[PDB]
Engineer: 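The structure's right below; bear with me while I get my questions together.
In what follows, chains are A, B, ... by sequence order, proteins preceding strands, each numbered from 1.
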Amino acid sequence: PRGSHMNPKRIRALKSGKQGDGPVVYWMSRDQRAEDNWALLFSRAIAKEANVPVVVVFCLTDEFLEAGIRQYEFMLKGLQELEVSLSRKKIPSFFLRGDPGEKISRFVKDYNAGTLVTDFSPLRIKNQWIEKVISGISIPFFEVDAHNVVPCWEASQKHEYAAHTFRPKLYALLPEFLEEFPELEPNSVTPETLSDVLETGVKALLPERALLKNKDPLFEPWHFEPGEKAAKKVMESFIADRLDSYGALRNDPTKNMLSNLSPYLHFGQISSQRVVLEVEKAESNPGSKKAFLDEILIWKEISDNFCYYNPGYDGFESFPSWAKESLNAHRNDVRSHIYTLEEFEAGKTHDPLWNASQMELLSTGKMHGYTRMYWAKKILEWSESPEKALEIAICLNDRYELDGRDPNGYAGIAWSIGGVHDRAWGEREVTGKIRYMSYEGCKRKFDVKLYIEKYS
DNA sequence: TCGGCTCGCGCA
DNA sequence: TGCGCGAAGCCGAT
Ligand SMILES: Cc1cc2nc3c(=O)[nH]c(=O)nc-3n(C[C@H](O)[C@H](O)[C@H](O)COP(=O)(O)OP(=O)(O)OC[C@H]3O[C@@H](n4cnc5c(N)ncnc54)[C@H](O)[C@@H]3O)c2cc1C
């Protein structure tokens, strides 16, 4: 609908209707940023064509009770900064509390909205809210993919079996969809306290905090500063200092050579399209650029593909047939060790490498990418059943990862435990034909002892 | 009816 | 450390 630097394939209609005479409302959810946001840019362009202002609404749900203070504070502090940035562009933001299915519909009527726009998430709960809102409004409802470089429904029309089949489809569409962002034009027409929501939510989550023996908190909040401004700083330091060595050291957890962008990417405080634009233009090791681009383009956006075309993305049923048949055959194998959720959570296994990985997770909220594979695969090896392993890995991932509760997490766990986007490997007890990883294999790839000593 | 897929292992 | 191979099931280009 209108636009010159505005590709209409990024937007799709969720509900037809008569465009009201009120303001355009951007229901912001996944992409919590003011710059490099196609959903906010499309909302502004529609408002300009109708000579109305654009407003932003955010609904704080009860979902923060299922996680911890680490994610709540990170999100909320980012939203406080975002509120000021939108105010500088004369864009007011409204923060609601409750069920989006009820609050968003009530806000549309009470504010006499003319058009509703939201960003795109393939998670189940977002589809439920969208269906509830459609049944409660009479104005047009649009959805914009602001998170993927290529719109999820455009990159592929089906579940992609492997990255090597998805890779040519995605890269063929890069020349069309990889582009610069236009500037967010401020509003022309003029038209709950976040500090109170922060204190009320923290007081609720306090009894569930992760503590050590001295009742001292485990989480170290100084590793990652939240917000759109801090995300840009992280990206800049990655390109200048770490991108060159990324290809060689990406799988060495003793070196801080990752981009460290996932907390910002998950909450949408930075755009992956922006990161890709800057990495494309940087002059660095070609093998490092290719390796990093493959991670933030192929693997990130195939995770959205997985969740979008497999609504059981967090269940055993989503695994490929060969993996289900293999794991079913080994359900009666004696496990060398069986640990409960509580024993995994406290890092009380026999494996010091596994315990150190859990300690990095508990203390920093961001486990290194390589040890996340080892961490999840040992949960499968030392659990009663594949379903219990899946349940334990998802629980700990979403509870403690700053970047958790994310398509990348469900696809990554499904890769580790059920071979989604992987292939069959040598037959073993318990784990069957699922790709195996061993302590001795890690010892030959990086200094395992240094990683263990850093995290007790 | 093939070719090639994001481990462990033996060997420089 | 870096390389080549093994062990596995299957998509997709034909
Ligand atoms: C068991 C398991 C659980 C994971 N949990 C999550 C999760 O909850 N949330 C999450 O965003 N990712 C998760 N990952 C993927 C990956 O581990 C992290 O995205 C990565 O470590 C994030 O840190 P980084 O940004 O410094 O990594 P970088 O090496 O700098 O990669 C940059 C970005 O590329 C994407 N990316 C990288 N690796 C993957 C991958 N394997 N799959 C999909 N996208 C990827 C990410 O968006 C990432 O932020 C998980 C992977 C596994 C195997």
Engineer: Can you tell me the pairing partner of B:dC11 across any strand shown, Watson-Crick or G-U wobble, with both distances under 3.5 angstrom?
Structural biologist: C:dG2
Engineer: Using atom P in both nucleotides, what's the gap between B:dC5 and C:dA13 to the nearest angstrom?
Structural biologist: 15 Å
Engineer: Please say whether the positively charged group of A:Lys126, taken as NZ for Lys or CZ for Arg, lies over the ring of A:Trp27, i.e. under 6.0 angstrom from the six-membered ring centre and within 45 degrees of the axis.
Structural biologist: yes
Engineer: So what's C:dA8 paired with, Watson-Crick or G-U wobble, going by both distances under 3.5 Å?
Structural biologist: none
Engineer: Rounded to whole Å, please give me the gap between CZ in A:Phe319 and P in C:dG9.
Structural biologist: 18 Å
Engineer: If you compare every side-chain N and O of A:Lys445 against the phosphate oxygens of B:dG8 (OP1, OP2), does one of them come in below 4.0 Å?
Structural biologist: yes
Engineer: Which nucleotide in the list C:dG9, B:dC9, C:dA8 gets nearest to the side chain of A:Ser438?
Structural biologist: B:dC9
Engineer: For the residue pair A:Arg399 and A:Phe219, would you count it as a cation-pi contact if the rule is NZ or CZ under 6.0 angstrom from the ring centre and within 45 degrees of the ring axis?
Structural biologist: no
Engineer: For A:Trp425 and A:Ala248, find the nucleotide of DNA chain C closest to each by heavy atoms; which residue's nucleotide sits nearer the 5' end?
Structural biologist: A:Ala248
Engineer: Without decimals, in angstroms, what is the distance between A:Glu160 CD and C:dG12 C1'?
Structural biologist: 11 Å
Engineer: Whole Å only: how far is the CG atom of A:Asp422 from the P atom of B:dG8?
Structural biologist: 12 Å
Engineer: Students should be able to answer this: classify the pucker of B:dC7 from the sign of its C1'-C2'-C3'-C4' torsion, north or south.
Structural biologist: north
Engineer: Centre of A:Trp153's six-membered ring, under 6.0 Å away, within 45 degrees of the axis: is that where NZ or CZ of A:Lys9 sits?
Structural biologist: no
Engineer: Nearest heavy atom decides the nucleotide; on that basis, is A:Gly426 or A:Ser321 closer to the 5' end of DNA chain C?
Structural biologist: A:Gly426
Engineer: Determine the interatomic distance between P on B:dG4 and the same-named atom on C:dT14; round to the nearest Å.
Structural biologist: 13 Å
Engineer: B:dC5 P sits how many Å from A:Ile302 CD1, rounded?
Structural biologist: 15 Å
Engineer: May I ask you to verify if any side-chain N or O of A:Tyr436 is less than 4.0 angstrom from the OP1 or OP2 atom of C:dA8?
Structural biologist: no
Engineer: Could you work out which one of B:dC5, B:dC9, C:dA8 sits closest to the side chain of A:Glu440?
Structural biologist: B:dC9
Engineer: Give the rounded distance in Å between these two atoms: OH of A:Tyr439 and P of B:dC7.
Structural biologist: 17 Å
Engineer: Counting side-chain heavy atoms from CB outward, which of B:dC5, B:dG8, C:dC11 is closest to A:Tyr161?
Structural biologist: C:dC11
Engineer: Can you identify which nucleotide, out of B:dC7, C:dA8, C:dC10, has its nearest atom closest to the A:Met437 side chain?
Structural biologist: B:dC7
Engineer: Would you say A:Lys433 places a side-chain N or O within less than 4.0 Å of OP1 or OP2 belonging to C:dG9?
Structural biologist: yes
Engineer: Between A:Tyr370 (OH) and B:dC7 (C1'), how many Å, whole number?
Structural biologist: 8 Å
Engineer: Please give, in whole Å, the distance from B:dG4 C1' to A:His164 NE2?
Structural biologist: 7 Å
Engineer: Could you check whether the side chain of A:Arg435 and the base of C:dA8 have a donor-acceptor pair of N or O atoms closer than 3.5 Å, going by distance alone?
Structural biologist: no
Engineer: Would you mind reading off the distance between A:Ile434 atom CD1 and C:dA7 atom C1', rounded to a whole angstrom?
Structural biologist: 14 Å
Engineer: Using side chain to side chain donor-acceptor pair (under 3.5 Å) as the criterion, list what pairs up with A:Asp119, not counting sequence neighbours.
Structural biologist: A:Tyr26
Engineer: Using the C1'-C2'-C3'-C4' torsion, which pucker class fits C:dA8: north or south?
Structural biologist: north
Engineer: Should A:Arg435 and A:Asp422 count as an ion pair when the cut-off is N to O under 4.0 Å?
Structural biologist: yes
Engineer: Under the side chain to side chain donor-acceptor pair (under 3.5 Å) test, which residues partner A:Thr371, sequence neighbours left out?
Structural biologist: A:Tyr451
